[PDB]
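Below is one structure, written out as structure tokens; the observations come after it.
Please treat every number below as a calculation from the coordinates, not as lab data.
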Amino acid sequence: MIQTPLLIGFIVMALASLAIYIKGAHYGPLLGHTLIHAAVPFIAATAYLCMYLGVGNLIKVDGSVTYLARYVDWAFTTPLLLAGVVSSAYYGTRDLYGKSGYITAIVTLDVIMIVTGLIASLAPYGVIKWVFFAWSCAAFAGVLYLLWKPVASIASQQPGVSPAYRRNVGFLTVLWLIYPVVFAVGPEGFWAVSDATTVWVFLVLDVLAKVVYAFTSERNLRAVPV
Ligand SMILES: CCCCCCCC/C=C/CCCCCCCC(=O)OC[C@@H](O)CO
Ligand SMILES: CCCCCCCC/C=C/CCCCCCCC(=O)OC[C@H](O)CO
Ligand SMILES: CCCCCCCC/C=C/CCCCCCCC(=O)OC[C@H](O)CO
Ligand SMILES: CCCCCCCC/C=C/CCCCCCCC(=O)OC[C@H](O)CO
Ligand SMILES: CCCCCCCC/C=C\CCCCCCCC(=O)OC[C@H](O)CO
Ligand SMILES: *C/C=C(C)/C=C/C=C(C)/C=C/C1=C(C)CCCC1(C)C
């Protein structure tokens, strides 16, 4: 039942929240890295605690379920993750411009992606639901474009962080593209798959996006001399 994956996430995210803070490197730019990558699983563990106990679980007239705790989790964890990716490109340089601006612009596009994704879930099957789905994907495209074109240009102007940035962005892009696919196939969208199947896939996605990525992103940046 759905109660099992929610508890699994709560224990995995809470334990990983401390495990990342303990094992995470506290050297220079990596200090704020593990600090942000320790808050992300702590926010997720709190959300899985809410879903497990029913805080925010909205049920519509057609039987669809909207997890308000999940989207608030995404609304704050995904901007913190992008904040660390954009900041990692500015690592080791005090002479480059746009750090505060790029983070601000990409967080705006990410929050709109998550908020409009919440409106789509709440909407019934129709035009209103899929219009905000396409507008959410449009904002997602702007996050990816910004990540790939502009801030990789900032990383490339100094090695060897540039290959470490490109490897972390490639992992994040493939991982985050799975999320809207689960939305469409699950009850929130087309309802091709059951609600419990979406909970299980989002569990493995979140563990990959918040626990596993936190350790591979650190390993890549660890090699660069900054
Ligand atoms: C790196 C890209 C991402 C890779 C991983 C992507 C897939 C992650 C998913 C993991 C498990 C998916 C399958 C989960 C299947 C769950 C089915 C289930 O609980 O059924 C309940 C009732 O319907 C029974 O009647
Ligand atoms: C390197 C680390 C990688 C970590 C990430 C890879 C994880 C692999 C997949 C696991 C998910 C398994 C999903 C199982 C879905 C069915 C579960 C089920 O039916 O549970 C029993 C039920 O609760 C009682 O009736
Ligand atoms: C330099 C600036 C740094 C700023 C750092 C960012 C702020 C961190 C915020 C975390 C919020 C965590 C919220 C966790 C929400 C869990 C789910 C929940 O509360 O759901 C309620 C439900 O919707 C009722 O029906
Ligand atoms: C780096 C940190 C970045 C932090 C960024 C934080 C952004 C928070 C988003 C706010 C959207 C608020 C409005 C969301 C839309 C309303 C959804 C809602 O509350 O729905 C209730 C439901 O319909 C009842 O039945
Ligand atoms: C650039 C931003 C990201 C862009 C990429 C993300 C959007 C993906 C969209 C569709 C995926 C396809 C989903 C396929 C769902 C099939 C549903 C189906 O066949 O439903 C049958 C029926 O509903 C039985 O009840
Ligand atoms: C740790 C949790 C993560 C990384 C969650 C990510 C979620 C998304 C990238 C969701 C994207 C969506 C769209 C682009 C369109 C449909 C609505 C969403 C919110 C599922």
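Points to keep in mind about this one:
- For the range 1-100, the Cα gyration tensor yields ellipsoid semi-axes of 33, 17, 7 Å (square root of five times each eigenvalue, largest first, whole Å).
- Rounded tilt (10° steps) of 99-122 against the dominant C-alpha axis of the chain: 10 degrees
- Centroid-to-centroid separation of the range 91-141 and the range 155-194 [C-alpha atoms, Å]: 13 Å
- The long axis of helix 3-23 is offset from the longest Cα principal axis of the chain by roughly 10 degrees.
- 0 to 90° range, to nearest 10: angle between helix 195-207 axis and the chain longest Cα axis: 10 degrees
- Evaluated at q = 0.10, 0.11 Å⁻¹: base-10 log I(q)/I(0), Debye formula over Cα of the chain: -0.46, -0.55
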